[PDB]
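structure for the following, please:
(3 chains)
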Amino acid sequence: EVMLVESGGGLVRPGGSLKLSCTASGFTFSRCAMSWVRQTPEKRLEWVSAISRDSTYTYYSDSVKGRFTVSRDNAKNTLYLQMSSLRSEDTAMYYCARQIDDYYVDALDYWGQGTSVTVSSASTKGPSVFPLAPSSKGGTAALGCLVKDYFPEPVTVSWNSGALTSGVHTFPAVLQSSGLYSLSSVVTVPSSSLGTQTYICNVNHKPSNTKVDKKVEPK
Amino acid sequence: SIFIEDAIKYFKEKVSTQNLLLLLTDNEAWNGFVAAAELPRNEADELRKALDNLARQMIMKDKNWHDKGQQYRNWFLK
Amino acid sequence: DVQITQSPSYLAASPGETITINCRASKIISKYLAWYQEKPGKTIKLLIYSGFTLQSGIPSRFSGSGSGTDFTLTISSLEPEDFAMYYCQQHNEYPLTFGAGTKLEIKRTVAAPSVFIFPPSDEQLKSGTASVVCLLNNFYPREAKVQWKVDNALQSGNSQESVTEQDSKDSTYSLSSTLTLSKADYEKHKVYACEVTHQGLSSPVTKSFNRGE
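Numbers count the residues shown, from 1 in each chain, chains lettered A, B, ... in the order given. The structure is reproduced below:
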C-alpha cells in the first residue's frame, strides 16, 4: 500500500526557517511527480509546491515563491520543502501528495497524514487550569475545567483519570490575542452525585512536558 | 482557437513534416513538449487534435506525391 | 489562477438519501476536476479525477458529471461513512486550486441546548483576569446566538466562541462562549448573564449569576 509520511514540522518564529521531509513507501518514488499542499486553521486547502519526477521542473504558488524551495532525493525516497522567511500565515498542516501520471500537472491520488507547522513569537508554555464549578441552582448539573494560556497546541483532557468519558465535551482551542491558546472541557453529571463523587480533570501538555490535576467541586 | 491558429502556422513552416510526426507519435516526447511549453491540459488536448489533422493533411500530400509520381511514370510507358 | 466556487457549503442528509455537490471554475478547464473526501484521523482520499473517472476502490455510490465550467458530484444511497468533508480541485494547470469545501452532516430532529453559566474562579481572579463561560449543550441545528450582558449592557468584542463537531451518538452540537474581563472591570458589576437564541427554544433562554453570590 502507498504510504507518505511527513516530518520536520514544528514550532518556528516569524522570519525563521524549517525544512520538511516526506518519505514515500509502497511505490517507485522516482516514477512520480509530487506536490506539497497545506491546510490552514480555517480549513482552507492550498497548494504550495510541486516537482517533476526527475526535478527537471519545479512549481510554486505566488504566496510562497522566492521563500520556499522544493527538492527531492529519489535514492532516499524522500521529498523536501525548505521553508524560509516564514510568516504567521504559513501556519498550517502540511501534506505531501503523489500526482497521477497522465499529465505533468495532475490530480493527487495519495496523501500523507501531514505535519503541523506553527509560526509564532510565543514561547512554549504549559496551561493554567481553573475549575468551572457546578451551579448551586434530581436532575443533571454541568461542571468542567478552563485550560488557559498555553502554547503550542494540543492539550489532552481526561476526567477522573479516564473513568469518566460519557457526557464529556472538550472544545476546540481558540487562539487569544495574547498569542496563547485556551479551551474548556465540560461534563454533565447527575445533580445527586455532587458532594458524593469527586471530579478531577487531568490536563496534559506534551510540548512543555506539563501535567495538571484539578479537582472540581461546588463553591 | 486563437492559440490553435497561431500554433498551426508555427508547425507548418519551422517544424518539418518529419519532425512533426516524431512529436505526435511518441507519448513520451509529447509530454516533454507540453511541459516545456507550460500548457494547460485542455490546451494540450486541443493542440494535439489540431496537429493530428495538420499531419494527416501533410501525409495526404506525400501519399498523393507517391501516387501522382507512379501515374506520372505509367503514362510515359505507353 | 483558476478560481473555484464550491457549493453548497453545508449539507444535511440521512442515510439512504441522495445528495449532490457543485463546483464552477472561473475558466474552461475541460474535464480536469477532481473530488476529495476528508475524514478525521484519515488521510485525504481521492474519489474522482478527470471529472468523471472513479479512483480504484471507490464505491459505486459516487459518480461525477459536468457541463462546461460546472461539475457535479453525486453521492446516492448514503452510508454513515459518507458523512464527511468534500473538496473539489482543478488539475488542468498549475497552480492547483481548491474549492472552499462542503460539510456533509447528519440530519436529525431539532434539539434545544441546555444552558449553563460559570463564574470565574477565585484562583483566576488572583491572577488579575476573569473568564466567564457560557455552555450550550447538545443542540441541533448548529446555528445559535449567544449574547453576553453585564448589568443589562450588551457585551461586544470581548468574547470568543468554540463549537464541537457532531456527536457520534446523538449527532448534536455543543458550544462554549468565553467572556474575558479584567479583575477590575469584573468587580465593577453585579449581574452576569448570557442570552441564548436557538430554533429549539420558543423564546431566548438567559442564564445568569450575581458576582459574590
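
tell me the contacts of residue C:177?
Applying Cβ atoms under 8 Å, 6 or more residues apart in numbering or on different chains to residue C:177 gives the contacts C:133-134, C:136, C:146, C:148, C:159-162, C:194. For every residue, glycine as well, the C-beta is placed using N, CA and C.

now with 10 Å?
Listed by Cβ atoms under 10 Å, 6 or more residues apart in numbering or on different chains, the contact set of residue C:177 reads A:184, C:117, C:132-136, C:144, C:146-148, C:159-163, C:194, C:196.

what of residue A:50?
Contacts for residue A:50 were tallied using Cβ under 10 Å, 6+ apart; they are A:33-37, A:57-61, A:70, A:97, A:99, A:104-106, A:108, C:94-96.

now which of those would you call buried?
Applying 16 or more other Cβ atoms under 10 Å in any protein chain shown to the contacts of residue A:50, the neighbour count classes A:33-37, A:57, A:59-61, A:70, A:97, A:99, A:104-106, A:108, C:94-96 as buried.

excluding chain neighbours, what is closest to residue C:132?
residue C:179 (4.1 Å; Cβ to Cβ, 6 or more residues apart in numbering or on different chains).

what's across from that neighbour in the sheet?
residue C:132, residue C:159 (DSSP bridges).

and for residue B:78, the neighbour number?
Residues near residue B:78, counting by other Cβ atoms under 10 Å in any protein chain shown, number 4.

buried sites along stretch A:128-145?
Under 16+ other Cβ under 10 Å, the buried positions of stretch A:128-145 are A:128-135, A:141-145.

determine which two of these are furthest apart.
A:128 and A:141 (24.1 Å; Cβ to Cβ).

OK, contacts around the spatially most central residue of chain B?
Closest to where the C-alpha atoms of chain B average out (Cα atoms, centre = their mean) is residue B:55, at 2.5 Å. Neighbour list for residue B:55: B:11, B:17, B:20-21, B:23-25 [criterion: Cβ under 10 Å, 6+ apart].

rerun at 8 Å
Neighbouring residues of residue B:55 by Cβ under 8 Å, 6+ apart: B:17, B:20-21, B:24.

and which of those is nearest to residue A:26?
Proximity of these to residue A:26 (Cβ to Cβ) peaks at residue B:24, which lies at 35.2 Å.

near chain B, which residues of chain A?
By Cβ under 8 Å from any Cβ of the partner chain, the residues of chain A that approach chain B are A:52, A:57, A:103-105.

I'd like these as CSV, with distance to residue A:217 and secondary structure appended.
Formatted as CSV, these follow (distance: Cβ to Cβ, whole Å; DSSP: H, G, I helix; E, B strand; the rest coil):
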residue, distance to residue A:217, secondary structure
A:52, 63, coil
A:57, 64, coil
A:103, 64, coil
A:104, 65, coil
A:105, 61, coil
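
pull the most distant pair out of those.
Checking those with Cβ to Cβ, the most distant pair is A:57 and A:103, at 12.6 Å.

quick one: check stretch C:59-66 for contact with chain A.
No: if you take Cβ under 8 Å from any Cβ as the test, stretch C:59-66 misses chain A, and the best it gets is 11.9 Å.

check what contacts that stretch and list those residues.
C:31, C:33, C:35, C:47-48, C:51-54, C:71-79, C:82.

so how do I select the buried members of the residues you listed in ChimeraX?
A single ChimeraX command selects the buried members of these (16+ other Cβ under 10 Å):
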select /C:31,33,35,47,48,51,54,71,72,73,75,78,82
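
from the contacts of stretch C:59-66, which ones fall inside strands?
C:33, C:35, C:47-48, C:53-54, C:71-75 (DSSP state E).

pick the one among the residues you listed closest to residue C:41.
residue C:47 (18.0 Å).

now for the closest one: which residues touch it?
C:34-37, C:54-55, C:58, C:62, C:73.

what does residue C:27 give?
C:2, C:69.

quick check: it is in a strand.
No: read with DSSP: H, G, I helix; E, B strand; the rest coil, residue C:27 is coil and lies in no strand.

contact residues of chain B facing chain A?
Counting by Cβ under 8 Å from any Cβ, the residues of chain B that sit close to chain A are B:31, B:34-35, B:41, B:44.

pull out the buried members of those residues.
B:34-35, B:41, B:44.

how about residue 72, secondary structure?
I went with chain A, as the question did not name one. Using three-state DSSP, the structure places residue A:72 in strand.

my bad, chain B
Going by three-state DSSP: residue B:72 is helix.

give me the number of residues near it?
9.

distance between the ends of stretch A:61-79?
Using Cα to Cα, to the nearest Å, one end of stretch A:61-79 lies 17 Å from the other.

can you tell if that stretch touches chain C?
Yes: for a cut-off given as Cβ under 8 Å from any Cβ, stretch A:61-79 has contacts with chain C, namely A:61-62.

ok, residues contacting that stretch?
Contacts of stretch A:61-79 (Cβ under 8 Å, 6+ apart): A:21-25, A:29-30, A:34, A:36, A:46-51, A:53-55, A:58-60, A:80-86, A:89-90, A:96, C:95.

which element is residue B:29 on?
Applying DSSP states H and E as the criterion places residue B:29 in helix B:27-36.

let me fix that, I meant to ask about residue A:182.
Going by DSSP H and E, residue A:182 is in strand A:181-190.

so how far is the next helix or strand after that strand off the chain centroid?
Where DSSP H and E defines the elements, the next helix or strand beyond strand A:181-190 is strand A:199-205. Distance of strand A:199-205 from its chain centroid, counting by Cα atoms, centre = their mean, to the nearest Å, is 20 Å.

what strands line up against strand A:199-205, and which way round?
When DSSP bridges is applied, strand A:199-205 pairs with strand A:156-159 (antiparallel), strand A:210-216 (antiparallel).

from the residues of chain A next to chain B, which is closest to residue B:68?
For the residues of chain A next to chain B, the nearest to residue B:68 is residue A:103 (41.0 Å; Cβ to Cβ).

once you drop chain neighbours, what's closest to the closest one?
residue B:41 (5.0 Å).

that neighbour contacts residue C:94, doesn't it?
No: judged on Cβ atoms under 8 Å, residue B:41 makes no contact with residue C:94 at a distance of 10.6 Å.

hey, what's in contact with both of the two?
Common contact partners of residue B:41 and residue C:94 (Cβ under 8 Å, 6+ apart): residue A:105.

in ChimeraX, select just the buried ones from the contacts of stretch A:61-79.
Entered in ChimeraX, the line below selects the buried ones among those, by 16+ other Cβ under 10 Å:
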select /A:21,22,23,24,29,34,36,46,47,48,49,50,51,53,59,60,80,81,83,86,90,96 /C:95
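
in strands only, show me the contacts of stretch A:61-79.
A:21-25, A:34, A:36, A:46-51, A:58-60, A:80-83, A:96.

grab the nearest non-local neighbour of the residue in chain A that chain B sits nearest to.
Taking Cβ to the nearest Cβ, chain B has its nearest neighbour within chain A at residue A:104, 4.2 Å off. Of all residues not flanking residue A:104 in the chain, residue B:35 sits nearest, at 4.2 Å (Cβ to Cβ, 6+ apart).

for the one you found, what are its contacts?
A:52, A:57, A:104.

residue C:128 too?
C:182-183.

and of the residues of chain A next to chain B, the nearest to chain C?
Set against chain C, the nearest of these by Cβ to the nearest Cβ is residue A:105 (5.2 Å).

correct me if wrong: the closest one contacts residue C:97.
No: contact criterion Cβ under 8 Å: residue A:105 and residue C:97 do not qualify, at 11.4 Å.

before we move on, the earlier item: how near is the residue nearest to residue A:103 to residue A:81?
Distance, residue B:41 to residue A:81, using Cβ to Cβ, to the nearest Å: 25 Å.
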